[PDB]
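Chemist:
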Amino acid sequence: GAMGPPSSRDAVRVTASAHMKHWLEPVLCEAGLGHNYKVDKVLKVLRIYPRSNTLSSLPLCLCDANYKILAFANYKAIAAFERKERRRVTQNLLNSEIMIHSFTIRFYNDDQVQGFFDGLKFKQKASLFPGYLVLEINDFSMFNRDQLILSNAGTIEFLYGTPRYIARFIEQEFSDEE
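Each residue of the sequence shown is one higher than the one before, starting from 1 at the first, in the deposited numbering.
This is the structure we're talking about:
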């Protein structure tokens, strides 16, 4: 007395082929992104601190392929996931993979990151100017449906000591010259 028909004609086929790639290196050199730039890449988030706003999107910590930076999504980007998925993205949607359509570079200091997170303290080794690279998510979308975590984030280094990041954004101008 067998029961339950086979799943073939009624069911569909799923492949899903996507792997993490290093864009932090080429983006700052090959792409030379700066003030106004827009590229498509994958990003993984490891920590999120929900707020009373109940927008399902707030300042969170993410780790890329080469380094881990701090970033926050704009309301325009926040409302997007709500319309397309009508669910909390910060839960498991962000952890999987995200494709940012547009993003802008921003500098953050010890005080800025403090308020940005529950109380994460970043050491810049005695610095007056901001040495933290923070991105902005104006509009993003779910790239990979599958849920995966960046287990290689531990081996990844920090941008706080990267001479390239500091030289490209800080060494550009320091003295007022006036």
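The C-beta atom is built at its ideal place from N, Cα and C for all residues, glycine as well.
#1: Can you give me the start and stop residues for the alpha helix (DSSP H) that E173 sits inside?
#2: Have a look at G4, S175, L24 and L60 and flag the residue whose alpha-carbon is nearest the alpha-carbon of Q114.
#3: With distances taken from CA atoms, which of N74, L148, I48 and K123 is nearest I100?
#4: Have a look at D139, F122 and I137 and flag the residue whose alpha-carbon is nearest the alpha-carbon of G131.
#5: So, with DSSP's three-state summary, where would you put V12?
#6: Between the C-alpha atoms of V14 and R145, what's the straight-line distance to the nearest angstrom?
#7: Nearest to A71 by alpha carbon, out of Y37, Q112 and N92?
#8: Please name the residue or residues paired with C63 in a DSSP beta bridge.
#9: Quick one, are the C-beta atoms of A65 and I156 less than 9 Å apart?
#10: Measure how close the beta-carbons of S141 and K38 come, nearest whole angstrom, since I'm counting them as under 8 Å.
#11: CA-CA distance, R87 and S56?
#12: In terms of residues, what are the limits of the alpha helix (DSSP H) holding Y37?
#13: Whole angstroms is fine: what's the gap from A153's alpha carbon to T162's?
#14: Tell me where the beta strand (DSSP E) around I137 begins and ends.
#15: Which residues does DSSP list as the beta-bridge partners of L43?
#16: Where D40 and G1 are concerned, what is the direct C-alpha to C-alpha distance, given to the nearest angstrom?
#17: Give the range of the alpha helix (DSSP H) segment to which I166 is assigned.
#18: I'd like to check one pair, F174 with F107: are the Cβ atoms closer than 9 Å?
Modeler: In this structure, then:
#1: Along the sequence shown, read from residue 1 onward, the residue named residue 173 stands at position 173. It is not in any alpha helix (DSSP H) - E173 carries neither H nor E in the DSSP assignment.
#2: Sequence index remark: in the sequence shown, residue 114 carries index 114 (1-based). Of the candidates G4, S175, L24 and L60, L60 places its Cα closest to the Cα of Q114.
#3: For the purposes of this step, residue 100 is identified with residue 100 of the sequence shown, where counting begins at 1. Closest option to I100, Cα to Cα, is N74.
#4: The count along the sequence shown starts at 1 and reaches residue 131 at position 131. Comparing Cα positions, the closest option is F122.
#5: Within the sequence shown, numbered from 1, the residue matching residue 12 stands at position 12. Coil, per DSSP.
#6: Along the sequence shown, one-based indexing puts residue 14 at 14. Along the sequence shown, one-based indexing puts residue 145 at 145. A direct Cα-Cα distance of roughly 11 Å separates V14 from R145.
#7: Within the sequence shown, residue 71 is the residue found at index 71, counting from 1. Out of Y37, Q112 and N92, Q112 has the C-alpha closest to the C-alpha of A71.
#8: Locating residue 63 in the sequence shown gives position 63, counting from the first residue. Answer is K68.
#9: Start at 1 with the first residue of the sequence shown, and residue 65 comes out as number 65. Start at 1 with the first residue of the sequence shown, and residue 156 comes out as number 156. Cβ distance < 9 Å, so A65 and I156 count as in contact.
#10: Residue 141 sits at position 141 when you count from the first residue of the sequence shown. Residue 38 sits at position 38 when you count from the first residue of the sequence shown. That pair is no contact at about 13 Å.
#11: Taking the sequence shown and counting its residues from 1, one reaches residue 87 at position 87. Taking the sequence shown and counting its residues from 1, one reaches residue 56 at position 56. So the two alpha carbons sit approximately 8 Å from each other.
#12: Counting from one through the sequence shown, the residue named residue 37 turns up at place 37. Careful: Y37 lies outside any alpha helix (DSSP H) and carries neither H nor E.
#13: Here residue 153 refers to the residue found at position 153 when the sequence shown is read from its first residue. Here residue 162 refers to the residue found at position 162 when the sequence shown is read from its first residue. Going by the C-alpha atoms only, they are around 16 Å apart.
#14: For this step, residue 137 is matched to residue 137 along the sequence shown. Run containing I137: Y132 to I137, per the beta strand (DSSP E) assignment.
#15: Taking the sequence shown and counting its residues from 1, one reaches residue 43 at position 43. Partner residues in the beta bridge of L43, as assigned by DSSP, are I98.
#16: Position 40 of the sequence shown holds residue 40. Position 1 of the sequence shown holds residue 1. Rounded to whole angstroms, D40 to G1 spans 53 Å at the Cα level.
#17: Within the sequence shown, numbered from 1, the residue matching residue 166 stands at position 166. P163 to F169 is the span of the alpha helix (DSSP H), which, as asked, contains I166.
#18: As a first step, residue 107 must be located in the sequence shown, where it is residue number 107. As a first step, residue 174 must be located in the sequence shown, where it is residue number 174. The answer is no: Cβ separation not under 9 Å.
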